[PDB]
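Coming up is one lone chain in structure tokens, specifically the form deposited in one PDB entry.
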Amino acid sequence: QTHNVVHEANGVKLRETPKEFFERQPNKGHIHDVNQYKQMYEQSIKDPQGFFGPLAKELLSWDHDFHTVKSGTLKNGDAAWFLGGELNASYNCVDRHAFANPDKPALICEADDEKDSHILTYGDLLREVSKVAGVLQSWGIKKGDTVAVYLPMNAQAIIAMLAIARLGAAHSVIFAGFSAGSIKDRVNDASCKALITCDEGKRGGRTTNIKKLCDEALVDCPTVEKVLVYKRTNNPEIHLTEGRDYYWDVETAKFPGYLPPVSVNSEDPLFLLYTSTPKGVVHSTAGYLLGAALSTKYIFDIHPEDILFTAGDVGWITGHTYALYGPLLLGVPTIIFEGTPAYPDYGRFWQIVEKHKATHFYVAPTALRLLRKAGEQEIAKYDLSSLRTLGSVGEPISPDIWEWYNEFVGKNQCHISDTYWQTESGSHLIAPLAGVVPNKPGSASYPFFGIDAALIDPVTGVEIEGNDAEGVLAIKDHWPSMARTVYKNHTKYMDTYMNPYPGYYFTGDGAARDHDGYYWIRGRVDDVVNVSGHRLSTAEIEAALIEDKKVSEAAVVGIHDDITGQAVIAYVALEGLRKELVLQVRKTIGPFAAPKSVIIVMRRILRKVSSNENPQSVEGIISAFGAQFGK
């Protein structure tokens, strides 16, 4: 009952699902109780083929059957699922539902200003997706290409993503808050052939310069051949470059409301999602989609009658998986909110839920803290009795915020799903299944299907057996929606996720496991570099070098090494002193913590320099490293 390590768990009563949850539930739940959940989970770990095989044929529609459910290992970074299978993301998110019930709502779009809100049915969505795909197809976009999206969180963003996927190309969504420089970096790394954007945006009543920032970036993006521009404000002063920029409404009017979707392999890339050097996290098609549908269905308890409001942005993985793919795969309506939680006032989130009788709400604690600070009294003004599942994503939720969320939004009648996951996981890793798992406020509870979670000692990399334990959070095998690579940089992928703790997937997070098996996310770890099995701290070495009174500044970075895995390179600003500094680190940290080399002369720049790859300071590091690295 008592915990000596997981202090968070001491004195925490399980919180059973409120009875009103099941009264509002449209059908019998997908899982009866925790005993059934454990039986299914154990199979998903010991017999992935027998577990995910049938589910993949149930939840997804295939153009070609797969012959192997699961292939590859973490250690080799060659994970693959449903090999030989072929499918299309937009067919599974649009076509199949439009044929069944074309009038069912698909995108409930709430604009920055409600006067501009509107609803697209699945039939409406198929026509818009088909028309945009037709425009891109006539522009030469085909399987294997990348297309950039720089759009606000509205229908056009969702249509653009699904149209790109309809042709077998990968979309790369760029958050509409990014600067021109951030657009340039991501477009060039992906070598996008086309870009979809709009003239201007609306956020909190203000006008944002969307197209203007694209033009600024495009002067340095030679791969972009054509741009489709939607008239979001229809400002006549917004310039379009002849021969490159074309209007969404003008071009889409030329094409018919049906276009055949293009089959892609299960392991063909569905999208690139750049992370904040930006890395293009790449996701497969079949595996990702299954994870999105599976987690949306079982963790949120989503039925055909339900309505999902994910207060996220397609610019981030949350919007990808739980505003778009998850809900549309299951054929339910999804609420796409373009504005802010405060405009026109601080009751907007709740006005939207009441308007559309949303049954599921998914938001980040950052937004809950704001509404608690400035708009708490607005919540009671709205009927929120349609809700039964309240989700939280992206960051620790304190027990105090959990209770506030539970009381003021849920009226102590909803289930709360504190979902732990990350961009590279594609979908939920640890979360309480709605109506199944009892909650402990601040704990994500059990690992999800196909997620064999473990705790690793950060020094030895060895799994920690038993409960009341703490350590590095790691997964012991790959899972269907796991990211497959970093675009054209698979070595950075291996060095980040598979090599730090060989045989495991490295989440970068620390966590604790209590006597009931519940996981408590404890936050980021301290970025250790693995040199021949000894894990080193770049920050700890910098501190040891600085202790030398002749040293004024010190910067230590890590790079890939073909022999020792990683190598540590230390840069110092003030031959015999170089050896004295290495001896200093040995006697301070340890004999095996000595840098591979000490160079007397933004660590992002130092890493690339060390691997042969105040702006005026950059010159000194390049020439200094190239002259004294030698031995």
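Heads up: residue numbers just count along the shown sequence, starting at 1.
There is also a form deposited in another entry; it is not shown, and the following applies to it.
Hinge location among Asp526, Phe99, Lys381, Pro502 for the rigid parts moving between the shown form and the other one, by C-alpha fit switching from one part to the other: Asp526. Relative to the shown form, the Cα atoms of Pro447 and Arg535 move together by 3 Å or more in the other entry.
Compared with the form shown, the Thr423-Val528 C-alpha separation decreases in the other entry, the change being 3 Å or greater.
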